[PDB]
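Protein chains in written order, with PDB author numbering: chain Q, 1 to 240; chain O, 1 to 250; chain S, 3 to 233; chain a, 1 to 233; chain Y, 1 to 212; chain Z, 1 to 222; chain P, 1 to 244; chain R, 1 to 117, 125 to 242. We treat Cβ as the ideally placed atom computed from N, Cα and C, and that holds for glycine. Heads up, the thing below is written out as structure tokens.
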Amino acid sequence: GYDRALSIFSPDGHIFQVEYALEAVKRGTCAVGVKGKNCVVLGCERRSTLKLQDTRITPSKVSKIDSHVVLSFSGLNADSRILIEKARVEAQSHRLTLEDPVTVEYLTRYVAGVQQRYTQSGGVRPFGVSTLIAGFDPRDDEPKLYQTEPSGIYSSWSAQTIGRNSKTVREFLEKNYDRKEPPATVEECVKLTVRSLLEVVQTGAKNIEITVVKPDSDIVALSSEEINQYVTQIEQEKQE
Amino acid sequence: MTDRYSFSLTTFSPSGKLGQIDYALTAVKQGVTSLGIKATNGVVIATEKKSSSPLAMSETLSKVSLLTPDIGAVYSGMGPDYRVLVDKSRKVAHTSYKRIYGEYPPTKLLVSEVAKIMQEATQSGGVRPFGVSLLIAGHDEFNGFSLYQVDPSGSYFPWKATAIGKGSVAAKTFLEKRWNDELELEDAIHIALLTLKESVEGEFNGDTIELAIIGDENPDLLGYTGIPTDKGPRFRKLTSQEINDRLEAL
Amino acid sequence: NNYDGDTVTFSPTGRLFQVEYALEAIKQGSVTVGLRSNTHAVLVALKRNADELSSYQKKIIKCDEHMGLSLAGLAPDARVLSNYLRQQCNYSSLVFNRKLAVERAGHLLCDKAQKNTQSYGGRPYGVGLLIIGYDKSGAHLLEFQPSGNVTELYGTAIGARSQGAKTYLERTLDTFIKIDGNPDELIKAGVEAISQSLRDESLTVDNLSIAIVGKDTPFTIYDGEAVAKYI
Amino acid sequence: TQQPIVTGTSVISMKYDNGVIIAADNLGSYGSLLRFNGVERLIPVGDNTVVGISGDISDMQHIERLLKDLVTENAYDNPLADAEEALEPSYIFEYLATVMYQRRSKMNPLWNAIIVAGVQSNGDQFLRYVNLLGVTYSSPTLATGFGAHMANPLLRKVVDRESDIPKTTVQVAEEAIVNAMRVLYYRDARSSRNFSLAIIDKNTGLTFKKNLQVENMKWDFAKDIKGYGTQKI
Amino acid sequence: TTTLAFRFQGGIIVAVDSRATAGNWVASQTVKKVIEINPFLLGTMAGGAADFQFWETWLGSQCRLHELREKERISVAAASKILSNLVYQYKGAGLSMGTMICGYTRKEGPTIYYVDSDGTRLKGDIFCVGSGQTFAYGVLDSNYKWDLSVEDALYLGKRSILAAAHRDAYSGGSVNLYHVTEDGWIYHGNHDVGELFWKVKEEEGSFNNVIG
Amino acid sequence: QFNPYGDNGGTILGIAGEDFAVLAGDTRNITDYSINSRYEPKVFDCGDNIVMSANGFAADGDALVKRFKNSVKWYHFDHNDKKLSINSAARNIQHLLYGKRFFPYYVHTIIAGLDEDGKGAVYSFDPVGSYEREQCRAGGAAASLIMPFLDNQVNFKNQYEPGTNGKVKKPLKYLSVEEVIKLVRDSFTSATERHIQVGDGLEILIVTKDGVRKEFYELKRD
Amino acid sequence: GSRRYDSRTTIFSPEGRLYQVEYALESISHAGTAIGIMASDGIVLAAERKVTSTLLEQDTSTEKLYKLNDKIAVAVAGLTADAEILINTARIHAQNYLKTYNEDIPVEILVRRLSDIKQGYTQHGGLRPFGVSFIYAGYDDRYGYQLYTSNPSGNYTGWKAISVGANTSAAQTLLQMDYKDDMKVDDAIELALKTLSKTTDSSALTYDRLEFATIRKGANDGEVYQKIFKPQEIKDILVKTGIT
Amino acid sequence: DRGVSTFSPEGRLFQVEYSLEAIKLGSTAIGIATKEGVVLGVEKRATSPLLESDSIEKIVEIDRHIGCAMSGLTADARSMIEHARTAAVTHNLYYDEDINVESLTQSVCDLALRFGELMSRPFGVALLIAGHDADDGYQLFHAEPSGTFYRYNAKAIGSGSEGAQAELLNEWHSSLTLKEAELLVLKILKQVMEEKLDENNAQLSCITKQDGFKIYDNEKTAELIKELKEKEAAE
Ligand SMILES: [Mg+2]
């Protein structure tokens with residue numbers, strides 16, 4: 001088999017293939033994650049360079065791993081499908097053996113492990129994908145939001161963004177998100193998520209996707225009109 | 001040891017070119033001219049027997065090969081690559097068809113199997129593409145007579161008539177003027193000999209020309225009698241004498 | 003230069019640079035001395051520390067009751083090669099009820115190192131070994147190089163500044179070979195030999211490492227206050 | 001798993017003051033058919049060991065080749081192959097014992113009972129047994145097959161325990177072995193008159209005796225025996 | 001062998017006998033048929049002794065690795081299923097096992113899983129396994145209530161083993177008692193059946209058939 | 001059909017004292033009705049103050065003892081010459097035996113020594129690895145003849161104090177090494193009288209803090 | 001050793017692009033233009049054969065449009081030989097799914113499978129990617145009529161109308177201009193041919209330079225029919241729409 | 001290009017030497033061994049204030065008697081930890097006992113050089136392995152990607168290592184108490200850290216014979232930080 005060591009150290013101690021995988025993420029459309037007091041919201045950018053698209057059948061940016069956990073991403077679209085598939089299989093395997101659905105941390109740790117494995121295995125390149133994994137642990141009402149990246153490191157976030165112009169929306173979130181008092185309701189959390197994307201998106205039409213996840217496997221994706229109402233209310237308050 | 005070349009030796013260049021395939025086609029261009037013409041009641045395939053030395057017995061070197069009783073093949077380019085492809089083409093006609101359906105494959109599907117082998121040498125680890133273009137002529141019950149070209153890339157096209165190798169550009173132009181949809185087999189053979197004469201420098205006779213046909217069933221070549229449905233092969237390689245007879249009426 | 007990218011490549015003068023670079027790792031390693039008489043065989047090793055908080059890297063490894071070695075170079079490679087010896091010693095005992103001859107042990111080490119120099123993908127071992135032992139033909143001392151070359155000797159030294167100890171043993175040859183039935187005096191000669199390779203630093207209690215094997219002496223390593231006697 | 005085809009019967013052996021004696025008849029039986037009469041079942045290894053084998057002959061011939069191959073291998077890169085690093089009886093035995101137990105553990109045994117007789121470097125007598133099961137044991141007298149039942153009792157009257165070994169001379173030991181071979185010829189239906197005997201002494205070395213015969217047999221009393229009970233004539 | 005385990009208000013009671021027999025020969029009277037998987041989990045021995053010892057010691061290793069990785073006590077459901085999935089891979093090979101995996105966690109409460117070398121895994125309130133199981137079941141079924149005290153529950157388990165130890169030829173020796181709580185199991189001693197029988201006979205008035 | 005197992009007879013006995021342990025075994029080796037050897041050592045010093053015997057099929061017995069001795073050697077290499085405690089040795093042997101669960105070592109294994117508190121210890125194994133610390137264990141051919149005697153004379157079973165009539169048990173007083181050896185010898189003398197496979201010689205290995213000592217005694221040779 | 005000659009087909013550029021995928025896409029840009037247009041009552045597939053000859057046997061030829069099953073077809077852009085390898089794999093997946101569930105494979109599931117295969121060649125194996133882009137035209141009872149495209153990267157997306165191959169920039173603008181949601185098959189046929197006629201590098205668009213197909217519910221009652229157009233039928237539709 | 005297991009002209013493995021450079025870029029981790037216990041401490045170094053710092057797990061339990069701290073490419077450490085935990089548990093299964101700290105460390109270090117063309128590259132992470140056994144008492148080891156491990160009385164790895172090691176050189180003595188060691192780790196961490204040391208961006212842990220391995224609460228560590236400030240202001 002093809003055994004070539006593609007991911008290797010350089011004189012300055014860097015693994016360029018892992019770092020170049022991050023550059024693929026930087027190119028990817030922006031994704032954002034914000035957790036409230038009793039919910040988590042995943043915002044995602046849809047570049048409007050592609051019109052005449054069929055939004056019914058086109059792969060959605062946010063994917064359900066189980067009925068209680070979701071995964072969004074920034075980077076190579078084809079690569080993300082492989083991580084999503086493995087994650088979905090592991091979620092059912094966990095339910096089968098442990099007789100309990102995965103925690104959000106466990107599912108994150110698994111995906112991050114897969115990503116890590118591809119950074120020191122022969123004949124493979126790293127995943128050009130960073131993920132945002134969100135949900136609620138079984139029989140638990142505390143919101144969970146984790147991030148992963150090609151290198152394989154993962155961590156928990158009160159709020160986080162990845163992808164193109166993620167520097168800007170992270171700047172926004174760092175000043176607008178208060179830890180002592182997070183978005184108390186679904187409305188407040190979604191609003192702050194849309195606001196953060198509006199710093200980068202361009203038009204607030206079909207370019208913003210929002211998915212709200214609540215405790216006890218209560219996941220729903222907002223429609224165009226529902227999101228458009230948030231876009232309208234934000235800019236009307238801004239004209240002052 | 002071990003074949004440690006597990007990676008592709010053919011790759012896309014910045015311009016989108018697959019170098020090794022292009023270079024294989026260049027090797028085909030240098031090869032001796034061969035052609036094929038389809039008639040209403042048959043097909044003819046022909047080529048020059050470029051003898052490397054007069055001491056060599058050019059009868060032992062067969063450029064035109066039987067693949068199945070109703071299918072024949074001819075080439076332009078690297079002879080050794082052709083020889084092994086004929087061996088593989090003959091075997092695959094049995095393993096992936098005859099041993100399953102109890103009958104020989106139709107022309108198009110055998111061509112498809114050959115193409116697949118050539119495509120794989122264009123993508124698999126540690127190998128170069130085949131440096132040949134094949135012209136495969138054949139007949140089968142439901143598709144009738146047919147003529148196919150197969151390139152190093154694995155791409156294949158059906159032809160009414162065509163040429164490959166050294167003087168293909170001039171030969172194809174010659175065939176365009178002469179070909180029509182009302183040709184009989186003898187007429188196609190006559191045109192094949194005319195076309196091939198242009199690309200041949202030296203001697204032009206039955207001993208320097210290799211020519212075969214896909215035509216009527218040959219019960220005399222079957223080797224047995226008693227089964228009415230078995231009527232014999234449609235492939236027949238013309239003899240040195242049979243060629244010379246038609247060169248007088250040329 | 004152009005012929006040192008891997009071990010499978012000869013240079014135009016017929017050299018194997020990767021093997022020579024592996025040989026260089028031994029010269030960087032800390033000094034260790036080997037010497038023997040007709041009754042006993044002794045290893046003396048200068049252990050190296052990272053700093054004052056750190057421990058002193060162990061240099062001597064036991065392979066059987068009658069055999070062991072001292073290392074100089076990549077310690078993990080010595081662990082691999084010593085583990086291989088341990089098995090071969092053990093195979094001989096279990097299958098043939100026979101203690102493995104020291105000469106035959108060297109032949110095995112040679113052949114294992116050789117395969118790493120002729121094949122693509124791998125690398126030479128980056129360690130030199132001094133194997134001592136007492137078998138059916140008396141005391142023995144071997145010197146292993148990762149090129150594959152194994153050499154039976156009366157005495158030797160490998161590592162940084164090993165030439166000083168090697169010259170001393172070359173002078174003392176006629177004296178220390180005759181030290182029969184006296185382990186303490188044979189160790190003294192080994193400690194005096196390794197002292198010729200010292201600069202700036204001197205032999206302290208947790209610095210020095212000594213091992214011995216002989217006629218009625220199993221392979222035993224001495225460290226700590228057990229070697230204070232010889233300082 | 002197989003069945004033995006061409007078979008060899010009893011191997012008998014004992015220790016004496018300066019060494020060991022071993023013996024075995026020259027017959028290769030094919031069931032009840034006494035097929036092959038010139039089969040050597042004592043195979044010497046060097047000048048200090050003799051391996052006596054009973055049971056399947058094809059497996060004996062295989063073992064014979066392994067031992068021949070063992071001597072060759074020991075000589076490789078061995079300047080002391082004919083001195084300090086020569087093959088000992090104990091090395092040869094342990095090797096066979098390993099092979100026998102490994103083969104039984106793969107359920108494909110060498111269908112034999114083996115006795116390794118020899119003298120060690122320090123002059124110690126070596127006598128140990130191993131069979132198709134990989135079972136091993138040592139004793140002042142050892143015998144396979146019928147020898148176990150008939151030879152051992154006779155040989156044990158000479159050397160009944162360890163302390164009797166220094167009291168037993170080579171002449172007394174050889175006499176007992178030869179007598180035991182006669183007894184087996186009387187009573188073992190798969191035995192022959194012709195046999196081989198080997199002595200391994202620490203002083204005089206290996207003495208291998210071929211083409212020996214059972215002699216001084218008692219049969220004259222047979223003439224007087226008539227019928228099976230009541231018959232007089 | 002006779003082993004039982006039952007859920008009640010105060011957690012779980014586990015009770016076993018101590019006899020081991022090879023045919024009619026009594027090999028041992030001091031066998032431990034309760035494996036202490038860890039400080040919170042217990043398992044019982046029936047069928048193959050080595051199979052039980054080996055794989056339930058192994059189970060303890062798997063449970064330890066779980067709580068190192070997940071930073072959380074393993075559930076009784078998960079611990080039982082690790083053992084059942086394992087033996088199911090070996091199904092046909094000839095493993096012999098009949099065990100109750102017993103434990104007490106926050107999310108589950110007191111839980112008992114019967115696990116079988118046939119691959120059976122059953123949650124339940126009362127289980128009895130062994131050659132003397134039918135004798136123990138009788139005493140259990142007629143006297144069991146959820147609102148038993150820890151003192152009375154412990155005695156019921158002890159008395160139910162005694163019932164089997166008496167009648168079943170392949171059960172006896174001594175009785176081992178365990179009480180499983182949320183903070184872990186608690187050992188309640190080894191009780192010789194020889195001394196226990198006479199003690200129970202007198203104090204309880206039972207076994208009038210037997211002369212004492 | 002080939003039968004990979006055999007019965008080499010023999011009988012072994014382990015007894016744990018207060019600060020010592022003994023592991024005894026007869027020296028007779030047999031097949032069927034024939035004696036192979038009158039002196040074939042069966043109990044072995046395995047180092048680290050552990051003694052071991054694997055009674056039954058001698059080829060598996062020898063194979064196991066060999067592998068355990070080997071395990072002791074590699075335990076020293078891998079773990080800085082650490083002493084293998086008797087409880088650790090016992091667990092290790094379980095894995096050796098269970099390793100061949102579906103083609104077992106046809107032996108009843110017993111080891112003896114001292115535990116980490118210096119007290120006497122005896123462990124007893126079945127053929128497939130189930131093991132257990134015990135105070136008293138006979139194994140092999142005449143095990144059924146010896147164990148009841150040991151229940152009575154070591155543990156004072158069914159013995160009560162005179163005058164009380166079944167009310168007070170005989171107290172479990174500690175036995176000295178001299179007292180244990182007497183019970184071992186009488187066990188093997190009795191077993192020799194009533195079991196055909198037992199006889200020739202008795203070899204006892206005594207384990208104390210000072211080390212391993214051996215004692216040999218003659219047994220009837222019929 | 002062998003390392004010296006390894007192109008390393010599965011690596012990132014400093015910019016975070018996959019060299020071979022990008023170059024394979026460049027290869028595809030020189031291939032004959034293929035267009036797919038989805039209507040309410042069917043799907044159209046139109047494609048241009050590359051500089052043909054008069055002696056090419058057109059009626060038995062197939063380089064652009066391939067049938068995966070009775071409900072799903074594909075238009076090819078790139079190396080024909082590479083496409084046939086993938087096509088046969090896709091045909092098998094459809095049959096595996098049908099055998100397993102006793103129901104025709106949903107269009108997306110088939111598309112995802114082929115796209116995942118392409119992806120694998122970009123992440124591991126050290127082999128060159130497939131120089132092929134597909135337009136998937138299909139129908140199932142969940143989403144109805146669907147158009148997809150996949151490329152050598154293994155990325156796929158859904159479309160109402162889409163082009164692949166040569167002049168996709170010009171073609172996609174022309175489609176975006178004249179396409180409407182309430183459009184019908186006969187209108188989509190006309191749009192597809194008009195688009196090719198303007199984007200073609202040839203002097204004029206003729207029947208011999210085209211492959212054409214339609215997936216219609218225009219089959220007798222609730223069922224779907226695939227129609228691979230014959231040379232004479234392509235000639236007729238060219239006259240009908242008024243291009244020749 | 002060049003082999004992965006290639007030797008440089010100086011006699012060093014390129015890839016191993018390069019991985020050591022990655023470890024220099026990693027966050028600081030400090031270990032101090034005493035006769036009352038071993039203390040492990042780390043710099044968390046969150047890349048943003050929105051990152052929940054308690055999810056940064058750079059100190060990890062291997063067994064009850066063995067703890068571990070990491071520095072460098074921390075993702076690479078996960079499989080090293082997994083193997084260590086498996087080795088510790090497996091040895092207990094085979095031998096019914098705790099595994100020696102050295103033996104555990106040796107088992108981890110055996111993975112290190114299993115790379116070539125096995126894994127494709129060395130590990131890009133160093134480990135401080137601290138623990139206790141009955142034979143050699145309280146121990147602290149430094150496991151590198153070279154396969155070499157040194158025992159230490161005290162050791163610092165990461166970006167502020169050489170500065171911290173020089174400080175450990177002066178401060179360490181054989182009669183240190185556990186409390187003295189805790190403050191000493193906090194002192195040296197504060198010195199080498201970019202951001203100001205508090206209970207959220209730094210973590211403490213220890214291993215004692217009685218209580219085993221314990222990661223310190225943020226509340227517990229906060230008190231030790233406050234105790235440190237006062238004793239430094241005391242002179
Ligand atoms: Mg007797």
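Listed by chain order, chain Z residues near residue 190 (chain a) by CB distance under 9 Å: On the fourth sequence, residue 190 (chain a) is found 190 positions in, with the first residue counted as 1. Simply none; closest approach about 18 Å.
- request: Quick one: list the residues of chain Z neighbouring residue 135 (chain a), beta-carbon separation under 7 Å, in chain order.
  value: Looking up residue 135 (chain a) in the fourth sequence gives position 135. Those within 7 Å of residue 135 (chain a) in chain Z are 6, 8, 58 and 59.
message: Suppose the cutoff is 6 Å on Cβ atoms and the five residues either side in sequence are ignored; what does the same chain contact list for residue 58 (chain Z) look like?
response: Within the sixth sequence, the letter at position 58 stands for residue 58 (chain Z). Hits under 6 Å: 8.
query: Taking just the CA atoms, how far does residue 88 (chain O) sit from residue 114 (chain O)?
result: Working through the second sequence from its first residue, we reach residue 114 (chain O) at position 114. Working through the second sequence from its first residue, we reach residue 88 (chain O) at position 88. If you take the alpha carbons of residue 114 (chain O) and residue 88 (chain O), they lie about 8 Å apart.
task: Measure from the C-beta of residue 251 (chain P) to each C-beta in chain Q and report whether the shortest distance is under 8 Å.
output: The structure shown does not extend to residue 251 (chain P), since chain P spans only 1 to 244, so no value can be given for it.
field: Same chain, Cβ closer than 8 Å to residue 169 (chain Q), neighbours up to 5 away in sequence not counted
entry: Taking the first sequence and counting its residues from 1, the one referred to as residue 169 (chain Q) is at position 169. Around residue 169 (chain Q): 30, 32, 161, 196, 197, 199 and 200.
- prompt: From residue 97 (chain Z) to residue 61 (chain Z), what does the alpha carbon distance come to, in whole angstroms?
  reply: On the sixth sequence, residue 97 (chain Z) is found 97 positions in, with the first residue counted as 1. On the sixth sequence, residue 61 (chain Z) is found 61 positions in, with the first residue counted as 1. Using only the alpha carbons, I get a separation of about 11 Å.
- prompt: Looking only at C-alpha atoms, which of O:93, O:38, O:243 and O:236 sits nearest to residue 204 (chain O)?
  reply: The sequence position of residue 204 (chain O) within the second sequence is 204, counting from 1. With distances taken between Cα atoms, residue 204 (chain O) lies closest to O:243.
query: Taking 7 Å as the cut-off, does the CB of residue 31 (chain Z) come closer than this to any heavy atom belonging to ligand 1?
result: The count along the sixth sequence starts at 1 and reaches residue 31 (chain Z) at position 31. No.
query: Whole-angstrom Cβ separation of residue 94 (chain a) and residue 138 (chain S), contact assumed at under 8 Å?
result: Along the fourth sequence, read from residue 1 onward, the residue named residue 94 (chain a) stands at position 94. Along the third sequence, read from residue 1 onward, the residue named residue 138 (chain S) stands at position 136. That belief does not hold up - the Cβ atoms of residue 94 (chain a) and residue 138 (chain S) are roughly 16 Å apart, past 8 Å.
task: With a 10 Å radius around its C-beta and 16 neighbouring C-beta atoms as the bar for buried, classify residue 249 (chain O) as buried or exposed.
output: Sequence index remark: in the second sequence, residue 249 (chain O) carries index 249 (1-based). Residue 249 (chain O) is exposed by the Cβ-count criterion.
query: Around the C-beta of residue 68 (chain O), are 16 or more other C-beta atoms found within 10 angstroms, so that it is buried, or is it exposed?
result: Here residue 68 (chain O) refers to the residue found at position 68 of the second sequence. Residue 68 (chain O) comes out buried.
task: Would you identify the three-state DSSP class for residue 23 (chain a), choosing helix, strand or coil?
output: As a position in the fourth sequence, residue 23 (chain a) is number 23, starting the count at 1. DSSP places residue 23 (chain a) in strand when its eight states are reduced to three.
message: For ligand 1, is there any heavy atom lying closer than 7 Å to the beta carbon of residue 9 (chain Z)?
response: The count along the sixth sequence starts at 1 and reaches residue 9 (chain Z) at position 9. Residue 9 (chain Z): no, Cβ never under 7 Å from ligand 1.
- request: Check distances from the C-beta atoms of the segment 109-143 of chain Q to those of chain P and list, in chain order, the residues that come in under 7 Å.
  value: For the segment 109-143 of chain Q, which is checked against every Cβ of chain P, the residues closer than 7 Å are 123, 124, 125 and 128.
message: At the 8 Å Cβ level, is residue 98 (chain Q) part of the contact set with chain Y, yes or no?
response: Walking along the first sequence from the start, residue 98 (chain Q) turns up at place 98. Cβ-Cβ to chain Y under 8 Å: yes for residue 98 (chain Q).
query: Distance, Cα to Cα, residue 214 (chain S) vs residue 203 (chain R)?
result: Translated into the one-based positions of the third sequence, residue 214 (chain S) becomes position 212. Translated into the one-based positions of the eighth sequence, residue 203 (chain R) becomes position 196. Distance between the alpha carbons of residue 214 (chain S) and residue 203 (chain R): 55 Å.
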